[PDB]
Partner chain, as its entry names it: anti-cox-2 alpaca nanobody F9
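Encoded as structure tokens, the following chain is the form solved without the partner chain, with no partner shown.
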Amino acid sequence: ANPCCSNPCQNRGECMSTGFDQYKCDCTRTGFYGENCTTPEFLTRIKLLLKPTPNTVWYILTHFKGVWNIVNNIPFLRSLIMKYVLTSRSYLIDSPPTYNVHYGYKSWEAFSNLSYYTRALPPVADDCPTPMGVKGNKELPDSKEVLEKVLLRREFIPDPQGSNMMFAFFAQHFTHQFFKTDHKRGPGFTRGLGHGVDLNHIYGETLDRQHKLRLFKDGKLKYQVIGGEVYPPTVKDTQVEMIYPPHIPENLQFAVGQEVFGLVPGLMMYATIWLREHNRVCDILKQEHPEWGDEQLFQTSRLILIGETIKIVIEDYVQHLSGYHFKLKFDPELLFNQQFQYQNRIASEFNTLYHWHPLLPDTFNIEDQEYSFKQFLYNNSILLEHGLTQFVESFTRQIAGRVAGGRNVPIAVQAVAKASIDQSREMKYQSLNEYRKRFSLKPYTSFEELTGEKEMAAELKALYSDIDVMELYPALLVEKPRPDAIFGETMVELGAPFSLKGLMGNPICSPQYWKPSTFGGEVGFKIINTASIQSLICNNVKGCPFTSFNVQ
């Protein structure tokens, strides 16, 4: 019924109904005009020829390594390029946010209600004839069939980029502070009202939860010592609610910021490391400020660990998966002379892109042991058995699975991979090509172009019939990977804008926050600016084991 169901407006134009069977496109500041905003203005036509393809920019950044060696050592030039990286990506994000799962039009409810994930593209109207709008059949192909044919893992396909389990669990740990779906309300809702990197997975979402976790001495968080090693406190000691099976002994019920981090020892490993990092920073700040109280020591340490997290994510984590030879740089000053909104709203699609199920291995290999999913889940006894040192060394060695390329989703999490499909449909997501156009990508003309091969493409064509009906999430996992890369084009070109906007949109990156006094002086400021995944492990894990996000 809705005349906008066909998504007629192009180039980020906005569609509005002007009757029961008529519409109008708002071409304001899109650079285009005409009925569907497809006729480019003069300046627009120029940029279309100048601006390079994303597979060209990716090529430049991931090749000419000898040239980048020169550029990386020229601070002026390095800053110039990183500046362009930050600005060009964040331009794709609406800020302040617009739509959510319940509003395909702008409204104060959509803006003000922080319980929603926001949406980069509006939901398909409920009164639309087809799930994608007007194209396709009355119902999308069976999600179980999509899963089994092109998603489920036959043989384990390792990541050619060499991403290890330190990378895998970091991603899971890091993103679970702003991906906290409120399953009581629905998949389009979140419990992470900070909508960013606030480290609530360490300190707790609520003030009540934070105080139960705090020692209230020297700004530190509560902890316990087991075998001479520092571990998180227990549920019994702090009364913070955690998610554990009833058969789990209460001395193994560790209490941390995020309630689900008891799920896997890999998450509990990072929770422990970050816990130690907080208290380490407390000691350092106390050395500098003996006149400071517990409260200021805590708050300043939290701001410092936020800085470290963003530092590490940009210069280690993102640096790895991007495959760039350009040396990425966390420098908030790069945006001080730029137009930039220091705010963020977590997008539903960003959460969907981050469903990296194929990343998981078939077994979790710690030391000489090889644990199954059943043995690994909710089993912190494994962590106490081997220790953090053995955990880091083992996870540094074990490679992770390739995400793009198809058929690499471990069958142990098939219900989870199917939920992504189902829930994406439940949230009325628009098609793959709609999202590609939204982020300046050309639509795929065939399933073969999408997969880069023949077999899976044929399988998908039997299911979806039309390429313009192809869903976003399963397309990410079967997409033709970039040359020896872990991802396809869609994953990176869509995800980077959400990521960098979330990282740089943090208030500590703003000019009034980004100064030594915010972090207790130059000493605390230096902790942020010299942070790395290696130094994080070195300072907090016994023996200072070598670590990295790739296998050696």
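Positions refer to the first chain, counted from 1.
One more form of this protein, deposited with the partner chain bound, exists but is not displayed; see below.
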Q | Interface stretch in the deposited complex with the partner chain - options 215-223, 476-484, 399-407, 376-384, non-hydrogen atom within 4.5 Å | A | 376-384
Q: Consider the chain as shown here, without its partner, and state which of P443, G186, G323, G452 has a heavy atom within 4.5 Å of the partner chain in the deposited complex.
A: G186
**Q.** Candidate from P245, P249, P75, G227 lying within 4.5 Å of the partner chain in the deposited complex - any heavy atom
**A.** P245
(Q) For a quick test of understanding: in the deposited complex, does each of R89, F167 and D316 have a heavy atom within 4.5 Å of the partner chain? (A) no
**Q.** Contact flag, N137 vs the partner chain in the deposited complex, heavy atom cut 4.5 Å
**A.** no
(Q) With a cut-off of 4.5 Å between heavy atoms, is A458 one of the residues that contacts the partner chain in the deposited complex? (A) no
Q. Would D466 show up as a contact with the partner chain in the deposited complex if we use heavy atoms at 4.5 Å?
A. no
Q. Should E259 be classed as touching the partner chain in the deposited complex when contacts are defined as heavy atoms within 4.5 Å?
A. yes
